[PDB]
Structure formats: structure tokens, C-alpha cells
Amino acid sequence: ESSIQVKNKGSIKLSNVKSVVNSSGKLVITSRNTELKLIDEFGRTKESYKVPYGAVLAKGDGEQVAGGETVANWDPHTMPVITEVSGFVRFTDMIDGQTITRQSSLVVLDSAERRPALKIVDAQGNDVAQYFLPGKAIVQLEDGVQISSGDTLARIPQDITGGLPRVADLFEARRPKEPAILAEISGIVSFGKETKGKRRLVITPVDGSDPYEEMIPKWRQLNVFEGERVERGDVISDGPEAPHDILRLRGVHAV
């Protein structure tokens with residue numbers, strides 16, 4: 001996230017990096033899938049160096065550089081996230097003993113104890129931009145802060161053994177320890193069904209066009225966003241992937 005070493009001259013080659021208003025004099029990223037490339041003198045690339053959305057650029061797009069320099073530094077542990085709207089943070093549904101556990105800096109709300117995402121107060125008395133609240137959140141700035149766009153307020157910061165067994169597992173297509181959960185039907189991040197017959201966070205679909213039912217275990221954690229996180233297709237949400245999923249979704253050539 002913070003360590004990016006380059007060799008020689010090149011361009012940025014964002015390859016569809018979502019540029020959003022960053023806190024610094026830069027464009028923040030809201031796209032999970034960011035792939036870079038280096039154009040020294042021809043179309044040949046020198047590295048890919050995929051970076052998360054939390055990265056904030058230090059160089060412009062396509063700018064030639066001498067080399068040996070980072071282009072965008074991101075928190076190795078903290079996961080900075082761009083705010084949906086610019087203005088005061090709208091906090092509601094706060095209950096003592098259920099939404100406040102530790103202490104100012106305090107937890108927003110607990111899903112099990114009770115995700116307030118009403119709106120964001122862009123002005124003093126005008127709001128828009130839903131602030132989804134995952135578990136174990138932290139809020140350090142109260143309402144009326146009137147912060148600028150691009151600020152992050154604790155947006156949840158932070159087998160493959162090479163050899164013959166790996167070759168066999170590849171050939172027999174052994175299922176991974178943590179297959180990535182995919183839903184190619186209206187993939188916009190939502191909330192609900194935290195406690196049902198399935199595990200935590202059972203389902204997370206969106207309307208889109210003809211929504212489908214996708215059970216989600218949410219064993220370790222999630223990879224949800226505010227909105228327009230994913231589009232028609234699927235991306236690796238959590239853990240390694242499985243050949244069957246790629247065959248049934250991405251096609252044959254990708255596999």
C-alpha cells in the first residue's frame with residue numbers, strides 16, 4: 001500500500017482508476033480494481049502494481065518520471081475510504097449501552113447489540129450519500145464537523161504451498177480454503193439479514209435488474225462499499241478463487 005518502487009521512465013496508466021476528490025491536492029480512488037502500467041518508450045509495461053482504493057496519488061496520470069519513486073502511498077494497515085458527500089457527519093440511532101461501548105472517539109453502533117446510513121449533512125441543516133456502518137466501527141468527529149470530501153473516519157482499518165501438491169490441486173481443481181464469494185446479479189453493496197438461518201450477513205443483493213438471492217457467510221470479514229462498488233460481472237471479494245466459479249462466470253478463456 002505504501003511501498004512502490006519503480007525502475008525507469010514510464011506513465012501512470014491508471015487503467016480505469018476511479019478518481020475522486022482527495023483530501024490532498026490529488027484524486028482519491030474509489031475503485032477496488034486498479035491496475036497500473038509503465039510506458040517508458042513503447043506500449044511495453046514494466047510492472048502492474050495493483051493498488052487499492054485507499055491509495056491517494058502523488059503523481060499525475062501519464063506523467064513521465066525519472067524512476068525509483070513511489071506514485072501513490074496508502075496506509076499498509078488503515079483502509080482510507082472516500083466520503084460519499086462533503087459536509088458534517090450525520091450521526092443518529094445512538095443508544096447508550098447498545099451503540100456506545102468504548103470511549104471523542106467512540107464506536108458508532110454494534111449490529112449484534114442493536115448500521116445507521118440515513119444521510120450525510122452536506123450543510124448545517126441540509127443533507128443528501130449513505131454512510132454504511134459495518135461492525136466494530138469508530139467515530140472520532142461528532143456532528144457539525146463540516147469536514148471536506150475525501151476524509152476517512154475509521155472506515156474499518158485493516159492453502160497455497162508451491163510444489164507438487166500445488167500442481168495436483170491445480171489439476172484436480174481442489175477447492176480453495178477460502179473461496180471468494182461472488183454474486184453476478186445486481187452487485188451493489190447493501191445490508192441486512194445479519195442473523196438468519198445462514199451465517200452472519202446472509203445476503204447482500206441490490207435491485208438493479210431482477211435481483212437474485214446470494215447467501216453470504218461473512219466468516220472472516222466483508223468487502224462491501226457505499227454504492228456502485230461492482231457492476232455486471234464479479235470480483236474477488238474475500239480469499240482465493242475457485243476454478244468452477246471462474247468457469248461459470250468469467251467464461252472459459254479466463255480460466
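Per the deposited record, cryo-EM is how this structure was determined, to a resolution of 6.8 Å.

Engineer: Outline unusual backbone geometry, listing residues and values.
Structural biologist: One non-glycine residue with positive phi stands out, namely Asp93, at about 55°. Tracing the backbone shows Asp93 in the loop between β4 (72-73) and α1 (164-171). In this structure, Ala173 takes a positive phi of about 55° despite not being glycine. Structurally, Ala173 can be placed in the loop between α1 and α2 (243-249).

Engineer: Outline the environment of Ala58, supporting the account with residue identities and numerical values.
Structural biologist: Mapped onto the elements, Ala58 comes out in the loop between β3 (56-57) and β4. The contacts of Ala58, once residues within four sequence positions are left out, are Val71 and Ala72.

What counts, and at which threshold
Residues numbered from 1 in each chain as written, not as in the entry; some residues may be left out. Part of a larger assembly, values for the part shown. Heavy atoms only, no water. Residues with missing side-chain atoms left out of burial classes, pairs and counts. Helix = DSSP H or I, 4+ residues; strand = E, 2+ residues; numbered from the N terminus. Contact = heavy atoms within 4.5 Å.

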